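Coming up is one lone chain in structure tokens, specifically the form deposited in one PDB entry.
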């Protein structure tokens, strides 16, 4: 599908609250999983609200050294998304260019790079 649609997607209230409650439950139990932390962070970085996106970025950065290679690909993609949403354009490009270093022919990553750069330059940065 469309990278622009995925990059600009806003999570629903219902899904954000569903995975927030799931994360809170595991944290209460003292047994947080990479899977649930990622599901919650995936919702947070797609929120309309700055404080949510910032929290989602922290949760993804926590996951990064714990992920297998196939997991880290997902974390880095949504770290690019989340930083883009905060106008952390430099960091967003750093994350996507890391992905491209490992996957130079990944044109989905290339399109994400274009969409971040377009926004950054539109903002005068």
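Positions refer to the first chain, counted from 1. C-alpha atoms forming the largest set that superposes within 1.5 Å between two forms make up the rigid core.
Beyond what is shown, the protein has a form deposited in another entry; the following relates to that form.
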- Task: Would you say whether residue 10 is displaced between the shown form and the other one, judging by a C-alpha shift of 2 Å or more on the superposed rigid core?
- Result: yes
- Query: If you line up the core, does residue 107 shift 2 angstroms or more at its C-alpha between the shown form and the other one?
  - Reply: yes
- Distance flag for residue 11 and residue 76 (Cα, change 3 Å or more) in the other entry: the two residues are farther
- Query: Are residue 8 and residue 21 closer or farther apart at their Cα atoms in the other entry than shown, with the shift being 3 Å or more?
  - Reply: closer
